[PDB]
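> I am attaching a structure below and will ask some questions about it afterwards.
Heads up, the Cβs are rebuilt from the backbone with ideal geometry, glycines too, and the neighbour counts pull from every protein chain shown. No lab work stands behind these numbers, since they all come straight from the coordinates.
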Amino acid sequence: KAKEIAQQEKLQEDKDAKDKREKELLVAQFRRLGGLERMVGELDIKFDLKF
Amino acid sequence: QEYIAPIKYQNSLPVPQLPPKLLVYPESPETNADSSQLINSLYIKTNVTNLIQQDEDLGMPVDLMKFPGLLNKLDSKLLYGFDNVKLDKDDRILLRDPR
Amino acid sequence: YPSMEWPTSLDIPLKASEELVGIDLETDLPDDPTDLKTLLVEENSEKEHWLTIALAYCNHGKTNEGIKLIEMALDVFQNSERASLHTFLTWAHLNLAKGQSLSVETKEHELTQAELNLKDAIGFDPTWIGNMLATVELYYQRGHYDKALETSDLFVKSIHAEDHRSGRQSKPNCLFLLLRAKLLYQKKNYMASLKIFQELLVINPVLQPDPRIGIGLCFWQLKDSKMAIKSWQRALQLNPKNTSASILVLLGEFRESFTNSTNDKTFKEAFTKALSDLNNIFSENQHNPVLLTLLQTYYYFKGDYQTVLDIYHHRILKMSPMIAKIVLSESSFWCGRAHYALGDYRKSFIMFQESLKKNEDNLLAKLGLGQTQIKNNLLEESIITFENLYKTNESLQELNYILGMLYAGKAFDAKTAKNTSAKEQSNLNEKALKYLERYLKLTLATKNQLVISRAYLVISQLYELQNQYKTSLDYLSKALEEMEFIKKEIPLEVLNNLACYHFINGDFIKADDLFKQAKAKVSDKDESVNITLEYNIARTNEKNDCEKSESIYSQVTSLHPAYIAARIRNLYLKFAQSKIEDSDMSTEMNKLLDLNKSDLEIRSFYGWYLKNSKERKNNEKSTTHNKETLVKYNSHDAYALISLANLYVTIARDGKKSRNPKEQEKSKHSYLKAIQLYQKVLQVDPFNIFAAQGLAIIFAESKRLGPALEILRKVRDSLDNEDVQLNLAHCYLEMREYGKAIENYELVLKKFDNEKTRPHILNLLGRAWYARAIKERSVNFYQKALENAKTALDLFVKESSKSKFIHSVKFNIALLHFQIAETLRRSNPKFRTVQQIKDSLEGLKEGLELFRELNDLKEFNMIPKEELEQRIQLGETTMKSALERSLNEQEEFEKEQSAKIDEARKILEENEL
Amino acid sequence: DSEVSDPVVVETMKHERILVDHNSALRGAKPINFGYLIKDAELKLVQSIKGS
């Protein structure tokens, strides 16, 4: 009747999914030194303006 | 009383014992105090905060020409608000306190 | 949801017919308003229809047509009929004065016209609300916010004062609420203002301006910006034509591209949608300072700095007096950022100054100002500005980082200087550590941003300066762990310095492994770094592979003799192992000194050599050498000062044990000069534990053993040394604490396997056991003393050492045998063995043989050799006979007791029934 | 004169930093501030030694 070891291992892979999104956010370049410029330069949007 | 064993306290600096040498780290301009990347680090957090007040009118111009009856029929009624108002939920969540 | 849209038709009564003529206020309005003046004067229309058509003109984008139609109306109606018509005109000109892309003199003209008509209308009716509200808004448009708010309050109190004066009440007036909410936002009483905005939402959810905008403004100021955005989005949902709501939603899009993006791809999507929405809104709102400052942001992050400057110069400046100063401050701050990025620090300074002039609380502009000060080599000035900003932003990570690095640079520079006192150095170190550790604590409290690993490196260097090297190890390992967490390559420098921190901690295997990794990360052709890495490996394997270390040292000293550390330790290893003839050593050190005579490491190695040999070169040359080091090279050098103080202490103690008038006071003067030298060392470095130990030794030789023991205990807590343990044992012995003296003597013997010091320690163990023996008349302690002294003597003659010491231990052994004899002789036989008395007789014969070899030696005057003769012919005749009496008594005693058991035997045989 | 001119060790010193020198090594393995002894030695020794 302890057949609920399926749903206590649902909690644990939901936790490590949460941890993989935290890690993915930490090493994202737009949140790191000099990365915001690097990511802005990779954009394919072309303002046509002169002031 | 008579046992002969002189006591000699000693201080005796060691041989210099030159330990392994450190190396000066290669220069990293983006982590100096003068790096613009620190200001960018902060901008990521505080980005557009000083712009939300679009102007000295706070983005909210007062216009009495927006009130029917008033300014033409002298009908002050519409300034005192509707009574028994419904307040849709997407508006009703806006009376909350900050969090 | 309700509506307060305007009726889209007007019916004017006709006067010839009594029917109506209909006008669509949406379409039918003439392109020139005079074409309707006519229609409104023949058929004698009421003034309300003039007002209605004018309001239609203004609400359909033709406010000038309306102002001119009510201007025409002023010719048609007379005195009191004009009241309303003036009030209208007031609100008309106000809305012309709200031109965003307008000039400053036109706006002052429109506000003058507004107040003209308002003074007229209020003269005709002062209590009409349209006039009163018009007054407060005027004050608002003229920046007089305090006066605006007190006039609103006076008006609100007055209106309640004339319904509690006609006996009734009033439910809230939406526009007075709105003006007070705006004024409370201006006074930065955000929360209060929020409530009023929120209040308006329940009273009129279709009010214009949309109070959701103010709700969101206050949510944003109260750090619930998320909710802020929703309300603003709400405002745009209910009215997509509301362009200010659109712009607020755009700002929300930029902020949420940072707060809501999960990774790099989502960020690029969100920022690209924010930028394309910005372009879309901007190409029909081209004189909006907010959109212009957003474009400035974009062009800076795209590296297009000239366009940032161009936007400021050609657009913002022309309209600066009408932009709100917070927006102007943002735009001048970005212009300064662009100047900084172009390496023109004068102009970036000028513009950060200008941005601060328009908003003194612009944080990023002030950080930029301090950075430009750094760039212009104004370090102390930049520290002033950063610390003034710190007075109210102590929880800002970036500011703690910047101040920590500035102070760390100051500490490192102070360390390289000669004229930096110890408390200057420690204060700099601790200040930089305070800042950098607060940076670390704040960055790790949040889990969105990573730590700048430079902070770890600098902190570990600072803890070097604090003599806490395990903390250095911990912090640099945190650096390496973070680097490998982000899959970044580890610099050779970090591996090498990590290996040095491991070395200083005693982990020579981990240090060896890290030095080999560092060297594995180097090109074969390079030899500058390879020399240091070879020295590092050899230095780490001195105590585990000394044959590898000596080979590496020979290679570095042969090829690159100028590398000093290799030479010093090559000579040290070959000298400490007796692998170099003393002639060729005495030559090598002079050729090492006379070419690097200002190298203080070489001078200290030379002083150590002079002290250590104690034969080829003794205290004369070490006194002159150390004073040459002081008076010619440093004079603050702790090493030379301590060597000088030590030589002074030796001459002082050898002066204090003689009786010669002039030459026992030269020992009082030498103790004082030694104390002065130790004190000067402590002035230069209060953490110098060898100065503390010298002072403790002088404390103990004044028989002040309490202070000496407490200093030696504190020194032992940071120096695992032969000498401090020996001094602890020495000092316990002099306190008659024989137990702890013996404990520490055998301790100093169990570690520190040193063969020239071993016999002296065994002789002092013998002295301690002798002391505890005469104070308990115990022969077991005498025999422990005896074995210690016997092994000390056997080692003294193994060494071939001074006959002083051999004669002293021979005397000790003989004295011990005599004490054993005389203590057994005075004992109850029930506490003796017959074999113990046999052994004591043979021990006494060997004691007398050592005594007569001490008497016939023509140089032994440690005992007067007249006491020595008497103990020889007391050992020879009488004591001997005494010890056989107690021997015969013992065995008669022994036999008697075999008498006693057998009697008991027959008694318990006899007792049977 | 003095020692010999070696350009390759010159550039080694430029990249080296000294962890412990002959003077800092006298702080031991853990820092103990012994500054108070400056006062102690001058009340418990000097004034008692100057009784001569």
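> Points 7 angstrom from Cα along the Cβ direction at C:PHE893 and C:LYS357: gap in nanometres?
11.1 nm
> Among C:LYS516/C:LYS756; C:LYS325/C:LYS447; C:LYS611/C:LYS751, which pairs are too far apart, with a Cα-Cα distance over 27 Å?
C:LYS516/C:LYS756; C:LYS325/C:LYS447
> Okay, next question. When the Kirkwood hydrodynamic radius is evaluated over all pairs of different C-alpha atoms of region D:7-49, what value in angstrom, to one decimal, is obtained?
14.0 Å
> Given the rule -39500 (n - 2.57) for each run of at least 4 DSSP H residues, summed and divided by the residues of chain A, what is its mean residue ellipticity at 222 nm, to the nearest 500 deg cm²/dmol?
Per the formula, -16000 deg cm²/dmol.
> How far is helix C:453-465 tilted off the main Cα axis of chain C, in degrees rounded to 10, range 0 to 90?
It is inclined by approximately 40 degrees.
> According to the square roots a ≥ b ≥ c of the eigenvalues of the Cα gyration tensor, what is the shape class of chain C, taking rounded for a/c under 1.5, prolate for a/b larger than b/c otherwise, and oblate for the remainder?
Verdict is prolate for chain C.
> Rounding to the nearest 20 debye, state how big the charge dipole of region C:755-905 is about its Cα centre with +1 on each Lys and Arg Cβ and -1 on each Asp and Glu Cβ.
About 620 debye.
> Oh, and also: Work out from phi, with θ = phi - 60° and the Karplus expression 6.51 cos²θ - 1.76 cosθ + 1.60, the ³J(HN,Hα) of each residue of region C:199-205, listed in order in whole Hz, and give x for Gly and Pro.
Whole-Hz 3J(HN,Hα) from phi for region C:199-205: 4, 4, 4, 7, 7, 7, x.
> When Cβ neighbours within 10 Å are restricted to other protein chains, what is their mean count per residue of peptide C:246-258?
What the average comes to for C:246-258 is 3.
> Report the calculated FRET efficiency for C:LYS325 and C:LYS391 (r = Cβ-Cβ distance, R0 = 25 Å), to the nearest 0.05.
Between C:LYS325 and C:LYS391 the formula returns 0.65.
> Another one. Let me know the mean shielding of B:75-85 by other chains, meaning the per-residue number of their Cβ atoms within 10 Å of its Cβ.
Across B:75-85, the average partner-chain Cβ count within 10 Å equals 5.
> Taking the alpha-carbon set of region B:29-95, what are its Rg and Dmax in Å?
Here Rg and the maximum Cα pair distance are 22.8, 70 Å.
> Per DSSP H run of at least 4 residues, take -39500 (n - 2.57); add these up for chain B, divide by its residues and hand me the 222 nm value, nearest 500 deg cm²/dmol.
For chain B, the value works out to -4000 deg cm²/dmol.
> In 10 Å bins starting at 0, how do the alpha-carbon pair distances of the protein assembly as shown split up by percent?
Percent of Cα pairs in each bin: 2, 8, 12, 13, 12, 10, 9, 8, 7, 6, 5, 4, 2, 1, 1, 0, 0, 0.
> Let me ask you something else. For region C:1-158, I need the span (max minus min coordinate) of the C-alpha atoms along each principal axis, in Å, sorted largest to smallest.
Largest to smallest, the principal-axis extents are 56, 41, 36 Å.
> Each residue of region C:765-781 in turn: what ³J(HN,Hα) in whole Hz from Karplus with 6.51, -1.76, 1.60 and θ = phi - 60°, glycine and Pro shown as x?
Taking θ as phi minus 60°, the curve returns 4, x, 4, 5, 5, 4, 4, 6, 7, 5, 9, 9, 6, 10, 7, 5, 6 Hz for region C:765-781.
> What three numbers, in Å, describe the spread of the alpha carbons of region C:755-905 along their principal axes, ordered from the longest?
62, 32, 26
> Under 5 Å between amide H atoms, partner at least 5 residues away or on a different chain: which partners does B:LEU23 have, H built in plane at 1.01 Å?
Result for B:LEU23 returns C:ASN497, D:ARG17.
> Could you order the peptides C:747-760, D:28-41 from most to least packed, using the average number of other C-beta atoms within 10 Å per residue?
Highest mean packing first, the order is D:28-41, C:747-760.
> Turning to a different aspect of this structure: Only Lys, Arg, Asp and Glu count, each charged at its Cβ (+1, +1, -1, -1), so figure out the dipole size of the protein assembly as shown about its Cα centre, rounded to 20 debye.
Its charge dipole is roughly 4500 debye.
> Here's another thing I want to ask about it. Between 0 and 90 degrees, rounded to the nearest ten: what's the tilt of helix C:145-160 against the longest Cα principal axis of chain C?
60 degrees
> If only Cα atoms are counted, what is the Rg of chain A, and what is its Dmax, in Å?
Rg then Dmax for chain A, in Å: 20.8, 74.
> If you don't mind, another one. Do the alpha carbons of any pairs in B:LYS8/C:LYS802; C:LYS487/C:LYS519; C:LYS591/D:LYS30; C:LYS223/C:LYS265; A:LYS50/C:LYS358; B:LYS8/C:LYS579 sit beyond 24 Å of each other, and which pairs?
Over 24 Å Cα-Cα: C:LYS591/D:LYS30; C:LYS223/C:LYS265; A:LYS50/C:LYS358; B:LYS8/C:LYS579.
> I would also like to ask the following. Report, in cubic angstrom per residue, the convex hull volume of the C-alpha atoms of region C:533-672.
Normalising the Cα hull of region C:533-672 by residue number yields 133 Å³.
> Same structure again: Based on the inverse mean of 1/r over its pairs of different Cα atoms, what is the Kirkwood hydrodynamic radius of region C:364-492, in Å?
So the Kirkwood estimate lands at 15.5 Å.
> Explain nothing, just compute: Karplus ³J(HN,Hα) = 6.51 cos²θ - 1.76 cosθ + 1.60, θ = phi - 60°, for every residue of region C:95-100 in order, whole Hz, x for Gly and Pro.
Running phi through 6.51 cos²θ - 1.76 cosθ + 1.60 with θ = phi - 60° gives 6, 7, 6, 7, x, 7 Hz.
> Could you list C:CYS58, C:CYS174, C:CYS546 so that the one with the fewest beta carbons within 10 Å of its beta carbon is first and the one with the most is last?
Fewest to most other Cβ atoms nearby, the residues stand as C:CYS546, C:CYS174, C:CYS58.
> About the Cα centre of chain C, what is the dipole size in debye to 20, counting +1 per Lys and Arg Cβ and -1 per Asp and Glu Cβ, all else neutral?
4240 debye
> Please give the length that would be gained between C:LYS516 and C:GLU424 if that part of the chain were fully extended, namely 0.36 nm times their separation in residues minus their C-alpha to C-alpha distance (nm, one decimal).
29.3 nm
> Taking the Cα atoms only, what angle lies between the long axis of helix C:345-358 and the longest principal axis of chain C, rounded to 10 degrees?
60 degrees
> Among A:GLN12, C:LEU248, C:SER261, whose Cα projects farthest towards the positive end of the dipole of the protein assembly as shown, with charges put on the beta-carbon of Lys, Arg (+1) and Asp, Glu (-1)?
A:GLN12
> Which whole number in µm²/s is D for region C:785-839 by Stokes-Einstein, with the Kirkwood Rh taken over Cα pairs at 20 °C and 1.002 mPa s?
171 µm²/s
> Could you calculate, for region C:190-278, the ratio of the Cα radius of gyration to the Kirkwood radius, expressed as Rg to Rh?
Result: Rg/Rh = 1.03.
> Okay, next question. Would you mind checking which residues have amide H under 5 Å from C:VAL21's amide H? H placed 1.01 Å from N; only 5 or more apart, or other chain.
Amide H to amide H, under 5 Å and 5 or more residues apart or across chains, C:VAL21 pairs with C:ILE12, C:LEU14.
> Which translational diffusion coefficient, to the nearest whole µm²/s, is obtained for region C:220-364 from the Stokes-Einstein equation, given a Kirkwood hydrodynamic radius over C-alpha pairs, 20 °C and 1.002 mPa s?
Calculated translational D: 133 µm²/s.
> Turning to a different aspect of this structure: For an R0 of 35 angstrom, estimate the FRET efficiency from the Cβ-Cβ distance between C:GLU910 and C:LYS830 and round to the nearest 0.05.
That gives a FRET efficiency of 0.80.
> May I pose another question? Distance cut-off 22 Å, Cα to Cα: go down the list B:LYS86/C:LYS171; C:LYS543/C:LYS627; C:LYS62/C:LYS107 and report the pairs above it.
Result: C:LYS543/C:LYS627 exceed 22 Å.
> Calculated from DSSP H runs of 4 or more alone, at -39500 (n - 2.57) each and per residue, what is the 222 nm mean residue ellipticity of chain C, nearest 500?
So the calculated ellipticity at 222 nm is -23500 deg cm²/dmol.
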